[PDB]
Amino acid sequence: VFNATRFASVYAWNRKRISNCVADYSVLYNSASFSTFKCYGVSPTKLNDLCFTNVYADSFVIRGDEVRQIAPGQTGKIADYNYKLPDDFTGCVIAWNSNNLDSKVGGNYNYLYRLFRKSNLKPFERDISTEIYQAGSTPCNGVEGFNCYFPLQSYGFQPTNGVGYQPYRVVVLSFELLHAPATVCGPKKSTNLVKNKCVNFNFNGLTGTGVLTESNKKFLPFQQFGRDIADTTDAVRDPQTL
Amino acid sequence: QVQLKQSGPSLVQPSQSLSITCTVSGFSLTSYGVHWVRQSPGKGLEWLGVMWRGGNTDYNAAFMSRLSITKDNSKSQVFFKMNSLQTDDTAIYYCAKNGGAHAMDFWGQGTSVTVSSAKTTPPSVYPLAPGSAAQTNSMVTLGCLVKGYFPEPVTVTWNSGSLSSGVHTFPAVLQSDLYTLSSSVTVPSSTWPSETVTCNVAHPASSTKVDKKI
Amino acid sequence: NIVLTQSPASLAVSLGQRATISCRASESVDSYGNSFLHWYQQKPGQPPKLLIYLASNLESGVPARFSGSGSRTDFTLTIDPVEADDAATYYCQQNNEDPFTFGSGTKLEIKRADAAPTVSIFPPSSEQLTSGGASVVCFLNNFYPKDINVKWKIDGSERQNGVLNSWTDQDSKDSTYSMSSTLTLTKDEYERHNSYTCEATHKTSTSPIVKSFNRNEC
């Protein structure tokens, strides 16, 4: 998503459903490639030690001064009628500059944003409807005009404008936890394996304390640890080396 | 990316009809509505009408019974049909790109429309040259006065675009069926009679080229 | 008909200050959540452009110095800070009711330091007198403010019949004013007197500017 071709609008975003994988969130904060890296509620270093059920990456492009409006508890036209954030938003909002990638010569006016709607949208709800509602008491009933405002408007993405109007690729990371088992977790940082020493061990399946040494036991390929007659961890299999 | 230039009207007689063609290019005409205004018809900015997104038309109170807007989606051009033209319709027309909440975001170049009973007049080119013993006060100017041309516009240059640093373009003075164009270019003291300077004056409205040396 | 009373007609705001331009409207209000209008800026030598729509958002092509707010009837445009490219007229357009006309126009002028105009006047050459006419133009450039009384004064008698002044507003590049005073006369009027005096009265120069030439300078 960071190296994608081109993002969509702020109301018709391509929600990439992330599942059945692992992702290091602490390496993205120190990657020195993002212009804005600020999470809300949950630290990105704590995301590697926590699992989530479904992860949604809402990718859209806004202007330079609109990065403060993509936050829980803020106002704005894009925050109410385009991308509604909940009051308990525990995700993360990242951004980086894309003025030399998404802009065009003379101005990229393909990105749209909704100005108004009949009602406020739900949090994490995508609406691609283009219904036109009148402003005054006289409806236009189709073709706009005579006090009939168009709900959309073209974004102005020029290569020579100020920093507040440059295109900025913003990917909002949505996190949730339900009764379903989790699919997205963080990668456990591995260390060197030391044998023939009274030290601790912490594998992917079970941890404990004891000296690990080679023997003649052979485990099944779908097992990671074992128990004796007294129900005590007496033998373990290394996850990296078989 | 926004092209809203105009061409076609050069010199119109009163009590006649002519349609102003504003060529729309670079963006979708079927998703926006082209507006129409005038540039300084005696007073300030005046608004004429607004073409819908392929629907009906709206006009002003003083511009409904005489003006009409025709939108052609096939040729990507919006026509501005004018009926019963008088001397009060002498202004520079513009086309505008529609915004979200009925706003006029982007603008065009337009053309100069002049309606008068008098015929066209060739310009009387007279360059403004200093004397042999003329003095100055820390600044030497240079210009060529184009007075008595009809209609607008007139492009004034010096040696096919040699002087470009301190060129000051004066606006056209609206007179009785005439126009006056002044000019002032900051030049060094060795410009006359040392440097051979020739002010070229071109009148594309009447196709008359009268060039006079400094 | 909606009469958009725009006040004031002119302003003198220097650099780094805040300009206040009012705009009064009556109909209509309560579009979807607001009742604001649009703001524009028209230069005397450039077509206009949109500054800020609905007084609460941003628009590309213009810097973020333009903002403002207002009530359901009165509206305020905030130009903060005023740079060297804001010397232009301003308008407000009604969007809630037909006709969607503009205002009267507030001519914002940049309050700069006063300066005296140049002292120059160019007589026509000998080749220009062969056609029969004569074009004497007195040059008065790089001055401030625009309050200047130019009057052609021939030494024989005053002539204010075939004169014409080209009053230009404050340019976008040049912060000072530039006006060209013209004089239309024949060859017999040019060969009448030997010297011709260009008189000008300025706010900074209280003394009348005197600059003459000779008819033999050809």
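All of this is worked out from the model, or read from it or from the source named; none is laboratory data. Because the Cβ atoms are built from the backbone with ideal geometry, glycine has one as well, and the counts that use them run over all protein chains shown.
All conditions but one from (1) out of contact with any helix residue (DSSP H, G or I) (no Cβ under 7 Å at 6 or more places or on another chain); (2) assigned to a strand (DSSP E or B); (3) within 9 Å of chain C (Cβ to nearest Cβ) apply to B:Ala101; the one that does not is (2).
Taking the conditions exactly as written (within 10 Å of chain A (Cβ to nearest Cβ) and assigned to a loop (DSSP other than H, G, I, E, B)), does B:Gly44 satisfy them or not? No, not satisfied. The set of residues in the stretch B:40-60 being touching a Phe, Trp or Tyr at 6+ places or on another chain (Cβ under 8 Å) and surrounded by fewer than 17 Cβ atoms within 10 Å (Cβ to Cβ) consists of B:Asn56 alone.
One residue stands out in the stretch A:85-115 among those that are among the β-branched types (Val, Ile, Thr) and assigned to a loop (DSSP other than H, G, I, E, B): the one that is nearest to A:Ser154 (Cα to Cα), namely A:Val105. Listed by position, the strands (runs of 3 or more DSSP E) inside the stretch C:79-131 whose residues that are facing chain B (nearest Cβ under 7 Å) number at least 2 are C:89-93, C:120-122. Assess whether C:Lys203 counts as being facing chain B (nearest Cβ under 10 Å) and surrounded by 13 or more Cβ atoms within 10 Å (Cβ to Cβ). The answer is no for C:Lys203.
Residue by residue, here is whether (1) in a strand (DSSP E or B); (2) crowded, with 20+ Cβ neighbours inside 10 Å; (3) of a type outside the set (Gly, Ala, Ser); (4) outside the structural domain of C:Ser172 (by CATH) holds:
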{"residue": "C:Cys23", "(1), (2), (3), (4)": "yes, yes, yes, yes"}
{"residue": "C:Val29", "(1), (2), (3), (4)": "no, no, yes, yes"}
{"residue": "C:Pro47", "(1), (2), (3), (4)": "yes, no, yes, yes"}
{"residue": "C:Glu59", "(1), (2), (3), (4)": "no, yes, yes, yes"}
{"residue": "C:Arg72", "(1), (2), (3), (4)": "no, no, yes, yes"}
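None of A:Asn196, A:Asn204, A:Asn216 is part of a loop (DSSP other than H, G, I, E, B) and under 32 Å from the mean Cα position of the chain (by Cα) except A:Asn204.
Only a single item in (1) crowded, with 16+ Cβ neighbours inside 10 Å; (2) within 14 Å of chain A (Cβ to nearest Cβ) is not met by C:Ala64, and it is number (1). Summed over the stretch B:183-209, residues that are more than 18 Å from C:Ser125 (Cα to Cα), free of Cβ contacts under 8 Å to residues at least 40 places away in the same chain and hydroxyl-bearing (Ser, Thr, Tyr) total 1.
Note on the stretch C:161-187: among residues that are charged (D, E, K, R) and surrounded by 15 or more Cβ atoms within 10 Å (Cβ to Cβ), the one that is farthest from C:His202 (Cα to Cα) is C:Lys187. C:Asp188 - would you say it is free of Cβ contacts under 8 Å to residues at least 12 places away in the same chain, over 21 Å from B:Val173 (Cα atoms) and either among the acidic types (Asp, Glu) or within 10 Å of chain B (Cβ to nearest Cβ) (or both)? Answer is yes for this residue. Within the stretch A:58-71, the residues that satisfy the criterion of being closer than 17 Å to A:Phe175 by Cβ and either charged (D, E, K, R) or crowded, with 17+ Cβ neighbours inside 10 Å (or both) are A:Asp58, A:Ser59, A:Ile70.
Of the residues B:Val154, B:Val115, the single one that is within 15 Å of B:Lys209 (Cβ to Cβ) and crowded, with 16+ Cβ neighbours inside 10 Å is B:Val154. From the list A:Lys122, A:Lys189, the lone residue that is surrounded by fewer than 16 Cβ atoms within 10 Å (Cβ to Cβ) and closer than 25 Å to A:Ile70 by Cβ is A:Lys122.
Restricting to the stretch C:114-144, name every residue that is among the aromatic types (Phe, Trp, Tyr) and within 13 Å of B:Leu142 (Cα to Cα). Of everything in the stretch C:114-144, those that are among the aromatic types (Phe, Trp, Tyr) and within 13 Å of B:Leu142 (Cα to Cα) turn out to be C:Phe122, C:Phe139.
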